[PDB]
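1. turn this into a model:
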Amino acid sequence: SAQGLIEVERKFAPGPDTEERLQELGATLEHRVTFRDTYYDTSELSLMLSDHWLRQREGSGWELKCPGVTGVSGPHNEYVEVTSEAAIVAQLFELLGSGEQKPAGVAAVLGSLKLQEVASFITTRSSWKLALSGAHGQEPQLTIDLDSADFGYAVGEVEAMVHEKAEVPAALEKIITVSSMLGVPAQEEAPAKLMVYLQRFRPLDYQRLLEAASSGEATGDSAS
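-> Numbers count the residues shown, from 1 in each chain. And now the structure:
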């Protein structure tokens, strides 16, 4: 087994005091992102289910998720995200069936094609780093990255790097133990905010997607 430092990650579902608990436990706040992600869709959630996910973040800019294939034929060849408005403008027009003049920006197509904000919540990402220690002194520093949302959602992903597969159970069990103390060990293929929107309000619809989008970071002892 030679892949270098084995990034061992497992997923955890934390409570509402996680950030505080981490500070007190000794995890450092590496970085955190906070923004409201505003999702638009047609009235039927046709956009959502069409693999064209439309989101604006913090009123900064626009982001559209496309199934790789824009001339949708066949399966979804991965997701391609476009952030350039002119692309989204033209895309939204063809998506909703406009045939009209390209306005200028996405906010203009938004009002004109009359999309509805069907989902809006805040993404709270919080990256913590926890140094292991004990009688041995220096033990690995592992990262805990929290992904949370306004609509009842909190996930942590705990990732440590060991160069030895033999210390994987050691590091990984520390991970699970601290996590179970803080909340409950999870197992999902990492939910995006919208994956949460779905599991929260539309569980079977979430499953349609989940079963197909089942690719998340959680290996165990072998990254590769």
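2. centroid residue for this protein?
-> The residue lying closest to the centre of the chain (C-alpha atoms, centre = their mean) is residue 192, at 3.4 Å.
3. and that one, how far is that from residue 138?
-> 36 Å (C-beta to C-beta, to the nearest Å). All C-beta spots, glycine's among them, are computed from the backbone N, C-alpha and C.
4. one more: residue 104?
-> 56 Å.
5. for the biggest helix by length in the chain, list every residue counted as buried.
-> Ranked by residue count, the top helix of the chain under DSSP state H comes out as helix 168-182. Of the residues in helix 168-182, those with enough neighbours to count as buried (16 or more other C-beta atoms under 10 Å) are 168, 171-172, 174-175, 178-179, 182.
6. what segments of this protein are strands?
-> Secondary structure of the chain by DSSP state E: the strands cover 6-14, 28-41, 53-57, 61-66, 80-82, 116-131, 141-149, 153-162, 183-185.
7. so which elements touch the fifth one?
-> Under the contact definition 3 or more C-beta pairs under 8 Å, 6 or more residues apart in numbering; DSSP states H and E, strand 80-82 sits against strand 61-66.
8. got the contact list for residue 136?
-> For residue 136, no residue meets the contact criterion (C-beta atoms under 8 Å, 6 or more residues apart in numbering).
9. give me phi/psi at it?
-> phi -80, psi -20 (degrees, to the nearest 10).
10. distance of it from residue 221?
-> 20 Å.
11. what does residue 191 give?
-> 24 Å.
12. and those two? which has more neighbours close in?
-> residue 191 (23 against 15; other C-beta atoms under 10 Å).
13. next, the residue of the chain positioned farthest from its centre: phi, psi?
-> Here the chain reaches farthest from its C-alpha mean at residue 135, the gap being 36.6 Å by C-alpha atoms, centre = their mean. Residue 135 has phi and psi values of phi -70, psi -20 when expressed as degrees, to the nearest 10.
14. now residue 191: how far from residue 133?
-> In this structure, residue 191 and residue 133 are 32 Å apart, going by C-beta to C-beta.
15. now do residue 67
-> Distance of residue 67 to residue 133, computed by C-beta to C-beta: 46 Å.
16. between those two, point out the one with more neighbours.
-> Neighbour totals were compared for residue 67 and residue 133, and residue 67 leads with 17 against 12 (other C-beta under 10 Å).
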